[PDB]
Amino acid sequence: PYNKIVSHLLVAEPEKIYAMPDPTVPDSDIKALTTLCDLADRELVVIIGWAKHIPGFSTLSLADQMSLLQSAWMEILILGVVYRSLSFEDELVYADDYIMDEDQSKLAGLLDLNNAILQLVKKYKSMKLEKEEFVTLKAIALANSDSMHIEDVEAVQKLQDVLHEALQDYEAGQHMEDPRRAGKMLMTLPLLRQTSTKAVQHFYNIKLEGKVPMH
């Protein structure tokens, strides 16, 4: 018997989402990037519904809800990719039907970024990150996104406390062998934030270059 928040978060996990790359269209960076952006777009739609399932989130004002999502969507997407890539080696599982190896990365111009994301994967691998910890870290990442536009700081901190508490309690009961596992999990957040920032900046140097824009 362990944490109810954690079990609930496991139950609230979105069903698999597919990239669905178009076979008819020949491989090319514009293709890969176009595919990754459509996938992300569809995942973002899902993240909004998913967020309603987070204990303590729906009680925030709509403005604060949007501010948190706006600041943490990339961290949430990246964590997902990372968790799906744990049983793999030097490959990123953006989706079951879209797994990127080194060559597919070079061919898309995502070598640097994908290598940075692989660094997150590596750290979580060594720790043997569990699905329970993964879902709790996603919610924590959302609550701890540090938006400068928050209207109700106290309420946001309460969301953080509730999820932080769930993690600490889960670790206390399932990993008594390492009394600092909760802390180690929290210490992975800086790299997540850092990697998300590099991804966002990348998504701009291309949306910008007229890569696959209109935006």
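One-based numbering along the sequence shown.
Mean CA temperature factor from the deposited coordinates, higher in 192-200 or in 17-25?
According to the PDB entry, the answer is 17-25.
Of 29-37 and 50-58, the stretch whose C-alpha atoms average the higher B-factor in the entry:
Taking the mean C-alpha B-factor of 29-37 and of 50-58, the larger value falls to 29-37.
Thinking about Cα B factors across the chain, which third does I5 belong to?
According to the entry, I5 has a C-alpha B-factor in the chain's middle third.
Chain third (lowest, middle, highest) by recorded CA B-factor, residue given as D146
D146: CA B-factor falls in the lowest third of its chain.
Within-chain third of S105 by Cα B-factor, per the entry:
It falls in the top third of the chain.
Third of the chain's Cα B-factor distribution that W73 belongs to, per the entry:
According to the entry, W73 has a C-alpha B-factor in the chain's lowest third.
Ranking every modelled residue in this chain by its Cα temperature factor as given in the entry, which third contains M176?
It falls in the top third of the chain.
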